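[1] Give the three-dimensional model of this entry:
(chains A, B, C, D and E, ligands or ions: 2)
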Amino acid sequence: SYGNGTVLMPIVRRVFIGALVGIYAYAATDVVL
Amino acid sequence: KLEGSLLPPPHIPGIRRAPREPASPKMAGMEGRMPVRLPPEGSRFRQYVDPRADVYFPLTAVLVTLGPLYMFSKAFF
Amino acid sequence: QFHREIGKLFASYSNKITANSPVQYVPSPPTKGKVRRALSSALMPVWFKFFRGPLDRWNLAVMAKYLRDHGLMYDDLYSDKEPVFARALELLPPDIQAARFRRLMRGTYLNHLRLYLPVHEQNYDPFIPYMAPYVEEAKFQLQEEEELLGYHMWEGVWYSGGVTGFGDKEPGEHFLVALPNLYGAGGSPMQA
Amino acid sequence: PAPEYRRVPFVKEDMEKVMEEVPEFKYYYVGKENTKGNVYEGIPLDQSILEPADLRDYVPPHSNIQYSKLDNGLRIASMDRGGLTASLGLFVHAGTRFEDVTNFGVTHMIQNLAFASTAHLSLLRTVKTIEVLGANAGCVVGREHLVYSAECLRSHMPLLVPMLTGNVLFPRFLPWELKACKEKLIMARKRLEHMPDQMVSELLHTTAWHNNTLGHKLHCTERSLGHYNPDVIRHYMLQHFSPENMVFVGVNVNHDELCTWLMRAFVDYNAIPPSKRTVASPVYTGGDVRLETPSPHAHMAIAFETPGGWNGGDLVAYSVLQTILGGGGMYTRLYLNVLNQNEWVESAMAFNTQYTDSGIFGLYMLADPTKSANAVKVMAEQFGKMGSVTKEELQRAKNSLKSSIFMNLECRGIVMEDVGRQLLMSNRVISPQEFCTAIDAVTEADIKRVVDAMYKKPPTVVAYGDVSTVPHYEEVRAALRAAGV
Amino acid sequence: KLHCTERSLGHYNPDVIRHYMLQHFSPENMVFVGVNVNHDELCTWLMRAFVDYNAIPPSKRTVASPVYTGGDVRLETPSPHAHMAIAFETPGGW
Ligand SMILES: CCCCCCCCCCCCCCCCCC(=O)OC[C@H](COP(=O)([O-])OCC(O)COP(=O)([O-])OC[C@@H](COC(=O)CCCCCCCCCCCCCCCCC)OC(=O)CCCCCCCCCCCCCCCCC)OC(=O)CCCCCCCCCCCCCCCCC
Ligand SMILES: CCCCCCCCCCCCCCCCCC(=O)OC[C@H](COP(=O)([O-])OCC(O)COP(=O)([O-])OC[C@@H](COC(=O)CCCCCCCCCCCCCCCCC)OC(=O)CCCCCCCCCCCCCCCCC)OC(=O)CCCCCCCCCCCCCCCCC
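    Numbering: from 1, shown residues only, chains lettered A, B, ... in the order given. Ligands and ions are numbered 1, 2, ... in the order given. Please find the structure below.
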């Protein structure tokens, strides 16, 4: 938010989440679908 | 007289008072235990709650979680 | 002018939101779908009676016994490292601030000794929300500041004035601006 | 002969329909629809880019003042000159002359809390939205009036009206906002100390009207901080801020449109109710005061009382006398008789400060700190001859006064302040054409008459700067008495 | 006044000081006093302090008579009390 310089951790958060959604979606299509 | 931890408020000019719920009846199964309130009278939750089920919960919790996993594992894994 | 074309798409979606915005309070729409709200109501009498119901009741008993052993209120568990709660604490009147200070001191001492309070000192309701009026005013103040000043990613001079240049205002709080001086006796930002 | 006020009744309107009349306003620009860019690229400014559809036959606007009144008692007056920048002002009859020993400083507090949080708008959103609109706004405190004002493009008037009226309709006075304003409250008089002219004026008022009405100070003191809480403030506004004690003025606006939006600001909520108040008459005492300070000059001022003030019946005579002597020019009495005959005098002038029912008139000089005794002798000699003027001096003064009046009224700001200030002090606006007729009727006998009456009460003496050779109170009084004063 | 002011700093140089002492600090305008001392011994050591060097020479000065005027002065300041004083002149002094 306005007033602080914590500017990299919000980027790390969005990359980690996206990476998890892709790992567990690539495994289901191989086992289930 | 009143439900919960409230007492009749004194009348002090200048302080508007919110309405307070009156006491409701109790159910079986809470003797000797630290009191926790029941759902309100007009509510679907009150129609289904039963304090006697608290005693069996330590087992119910193990069965709903580890139960399905154990049977699913013993059949396909 | 490729930037002006992208700006036209943003603007079209923007004007659509505005043209469909109500001018008075309207209840939010249900989140869960009708298929999910039908299974829950059908299994409710059995799921609530034997599992969810006793889970809720055990939770409140566990919380109440731990707080009462230490003489604490639930709202004493929030930290002043939250910006919203820090602003709320600044708005308190003296009498409420003094009682919180005292309860926090006493609870640290009791946790150090690991000795329960007597039962007659535990006869109180710990779930009274004494911070609520100040929390809701704090949220209003900080939401205004963010909308009026923090709507864009602003540029700045890098590693100048004790800060990094990417948004921080208080100096020396990131490693690449650590160790401000090699000689001297230093100083405090609170004494500038 | 007061003006005839037209009635503007309250009307209940559908909210959704009134929103079709609010001017467009944007704080965010999420993309842009137009994609044509600068269509005048490459065209120099010696060439015109207008089309025939942009030409019109000029029609002059309505430049006379129009008058209206709401049902709650608010008086409204506006004039249109065809300009594109408007001036807006809200005048309140609640100055420092209404304070008491338990309130000193309250009017200054209200001025520094202007545009703070209200019932429907916060402090930050109020000052940030004015800036983004390109407007300027402020609040000024005085001895008889308080004024809120703003200037902006004339299409933004409906947006600025509520941000002006909210200060007197529903301010909140939040504790943490009062605690953030306490710093700037003391730095006022501190900044006043290093402004000699403003300090001499304050000393003149405090000494002329000892402990009453016009003698109260403008700004707060360290003592005032003992009663700087919301309850004291809110009690003062409930006695003085009723609609009957307020006037609204606009310049470069449509009269009918201004009335509609002012009516809409007051229709849904309750205003402070009226109250009957008795205005105490000022008590003039005169006296003497010194204030030593590091300075290379000796500042000195001597004044007398003007009976009746603005409504005494001789306002124009004192303004003609001021022009003869010389104000803030090279054929005035003070330039020829004083400055040219004394090289140790750095400056000299005459002043005339009038209020609703009292005023002062006198002289003000800077000089060499080693000749203060001679500065007093020259000032006394001028007072001794004030009641005598020649035909050439008088005729040249009238012509100079008429020109100044009409010329001052070419500016928007001065016109707004004059109209509002006159309607609070007299409930009527005197035109410049009526001033001229009165100026032309001033005679030599009138001058001599008002100077004599002026001298029937004691003087008011002030000294500031290096006062190492300034005579004693009794010696100044005696010098005046030897010159016939 | 007893103490200096910001104006006084305009003449705070050695020449002004030394000119003031040459008009007022002669031995004839000074007295020395001791308590719990031997008189004869004090005289001997005071004589020895002045015997080898030259003192400021005497000068005739005329003392101006004070002029009493009276009057009134106020000074506002943050305080819970109102201090007030009224006085008159005593002819001749000591
Ligand atoms: C000093 C006084 C005492 C006396 C004097 C002492 C003198 C000595 C002192 C030193 C003097 C010399 C100067 C040294 C300067 C060094 C640089 C420095 O200071 O930079 C600080 C600087 C912070 O600066 P700042 O001013 O505090 O704030 C910056 C912003 O203004 C504001 O940013 P922010 O606050 O918003 O966020 C900051 C945040 C930002 O956080 C991040 O961006 C995350 C960084 C860590 C990521 C990895 C952690 C694990 C995450 C999960 C796994 C992910 C896997 C990858 C896949 C991801 C999905 C795609 O950073 C941190 O949390 C700090 C972490 C510390 C990192 C230090 C590493 C330095 C380089 C050496 C690395 C060696 C690695 C060996 C081990 C591995 C060997 C195999 O840190 C960085 O930003 C650099 C990050 C580097 C990350 C390297 C990660 C390597 C490993 C990755 C995982 C690989 C796994 C593979 C497994 C394979 C198995 C087979
Ligand atoms: C010149 C020599 C030749 C080589 C030159 C190379 C290039 C140099 C210049 C590069 C560009 C510089 C300008 C950057 C943008 C500034 C924009 C601006 O004014 O906005 C201010 C803006 C603050 O805006 P705000 O709204 O007030 O606050 C934003 C909120 O915090 C959060 O707001 P939010 O939640 O809405 O999230 C916003 C987010 C929305 O976007 C997303 O979330 C999208 C996520 C995409 C994910 C997939 C792509 C991967 C993205 C990166 C993944 C993590 C990498 C972690 C790396 C750690 C180690 C470095 O936006 C972004 O992610 C945009 C930033 C993307 C740029 C990052 C990479 C380029 C810049 C790197 C730093 C510059 C060099 C410093 C050297 C210092 C040496 C002493 O500040 C930034 O965003 C700064 C970002 C850059 C990082 C800070 C510096 C880190 C220093 C430590 C590392 C030093 C390493 C040195 C050795 C290695 C070689 C370098």
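
[2] From start to finish, how long is stretch D:129-139 in a straight line?
    Its start and end residues considered, stretch D:129-139 measures 17 Å (CA to CA, to the nearest Å).

[3] Please read the previous query as pertaining to stretch D:186-201.
    19 Å.

[4] Surely residue B:3 and residue B:19 touch.
    No: with contact defined as CB atoms under 8 Å, residue B:3 does not count as touching residue B:19 (11.7 Å). Every residue, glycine included, has its C-beta placed from N, CA and C.

[5] Tell me which of these two has more neighbours.
    residue B:3 (14 against 5; other CB atoms under 10 Å in any protein chain shown).

[6] For whichever residue of chain A sits closest to chain E, which residues are in contact?
    Nearest residue of chain A to chain E, counting by CB to the nearest CB: residue A:3, 38.0 Å away. Applying CB atoms under 8 Å, 6 or more residues apart in numbering or on different chains to residue A:3 gives the contacts C:167-169.

[7] Where neighbours are concerned, which of those has the most?
    If you rank the contacts of residue A:3 by neighbour count (other CB under 10 Å), residue C:168 sits at the top with 19 neighbours.

[8] Assign the residue of chain A closest to chain E to one of the three secondary structure states.
    coil (DSSP: H, G, I helix; E, B strand; the rest coil).

[9] So which residues make contact with stretch D:159-170?
    By CB under 8 Å, 6+ apart, stretch D:159-170 touches D:22-23, D:25, D:88, D:90, D:92, D:114-115, D:118-121, D:126, D:129-130, D:133, D:135, D:137, D:139, D:148, D:150, D:152, D:237, D:241, D:246, D:258, D:261-262, D:265-266, D:269, D:271-272.

[10] same question but for stretch D:252-264, I mixed them up
    With CB under 8 Å, 6+ apart as the criterion, stretch D:252-264 contacts D:8, D:10-11, D:13, D:18, D:62, D:66, D:68, D:70, D:74, D:76, D:78, D:80-88, D:154, D:157-158, D:161, D:165, D:248, D:250, D:412.

[11] Just the buried ones from these, in ChimeraX syntax?
    The ChimeraX command for the buried members of those (criterion: 16 or more other CB atoms under 10 Å in any protein chain shown) is given here:
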select /D:8,66,68,70,74,76,78,80,86,87,88,154,157,158,161,165,248,250,412
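
[12] So which of the contacts of stretch D:252-264 sit within strands?
    Among those, the members falling in strands (DSSP state E) are D:8, D:66, D:68, D:70, D:76, D:78, D:85-88, D:248, D:250.

[13] just to revisit the earlier point, and the contacts of stretch D:159-170, which of them are in helices?
    D:126, D:129-130, D:133, D:237, D:258, D:261-262, D:265-266 (DSSP state H).

[14] so where do the helices sit in chain B?
    B:44-48, B:57-76.

[15] From chain A, how far out is the residue of chain C found nearest chain E?
    Distances between chain C and chain E by CB to the nearest CB are smallest at residue C:94, namely 24.5 Å. From residue C:94 over to chain A the distance is 28 Å, taken as CB to the nearest CB, to the nearest Å.

[16] I'd say residue D:322 and residue D:353 touch.
    No: using CB under 8 Å as the test, residue D:322 is too far from residue D:353 to be in contact (10.5 Å).

[17] Now list whatever residues contact both of these two.
    Counting by CB under 8 Å, 6+ apart, the residues touching both residue D:322 and residue D:353 are residue D:361.

[18] So residue D:311 sits against residue D:426, correct?
    Yes: Residue D:311 is within contact range of residue D:426, at 6.3 Å (criterion: CB under 8 Å).

[19] For chain B, give me its nearest residue in chain A.
    residue A:31 (11.3 Å).

[20] Report the contact partners of the closest residue to residue B:50 other than its chain neighbours.
    Leaving aside its sequence neighbours, residue B:50 sits nearest to residue C:49 (CB to CB, 6 or more residues apart in numbering or on different chains; 5.8 Å). Residues in contact with residue C:49 (CB under 8 Å, 6+ apart) are B:48-50, B:53.

[21] ok, and does the helix or strand hosting residue D:476 reach over to chain E?
    Following DSSP states H and E, one finds residue D:476 within helix D:473-482. Yes: judged by CB under 8 Å from any CB of the partner chain, helix D:473-482 and chain E are in contact via D:473-474.

[22] From the chain's centroid, how far away is that helix?
    35 Å (CA atoms, centre = their mean, to the nearest Å).

[23] Which parts of chain A are helices?
    A:9-31.

[24] how near is the residue of chain B found nearest chain A to chain E?
    Of all residues in chain B, the one sitting closest to chain A is residue B:76 (11.3 Å; CB to the nearest CB). If you measure residue B:76 against chain E using CB to the nearest CB, the figure is 87 Å.

[25] And for residue D:110?
    When residue D:110 is compared with chain E (using CB to the nearest CB), they lie 22 Å apart.

[26] which outside residues touch the helix or strand that residue falls within?
    Using DSSP H and E, residue D:110 sits in helix D:106-112. Here helix D:106-112 makes contact (CB under 8 Å, 6+ apart) with D:94-96, D:98-99, D:139-141, D:146, D:181, D:184-185, D:188, D:218-220, D:224, D:227-228, D:232-233, D:236-237.

[27] returning to what we had before: single out the most deeply packed of the helices of chain B.
    helix B:44-48 (a mean of 13; mean count of other CB atoms under 10 Å in any protein chain shown).

[28] just how off-centre is that helix within its chain?
    10 Å.

[29] which secondary structure elements does that helix contact?
    helix C:34-47 (3 or more CB pairs under 8 Å, 6 or more residues apart in numbering or on different chains; DSSP states H and E).

[30] What's the first helix or strand after the helix it packs on?
    Immediately after helix C:34-47, counting by DSSP H and E, sits helix C:53-70.

[31] Please see if the helix or strand just after that following helix touches chain D.
    With elements assigned by DSSP H and E, the helix or strand that comes after helix C:53-70 is helix C:83-90. Yes: part of helix C:83-90 sits near chain D under the criterion CB under 8 Å from any CB, namely residue C:90.

[32] So which bits of helix C:83-90 are buried?
    C:84-85, C:87-89.
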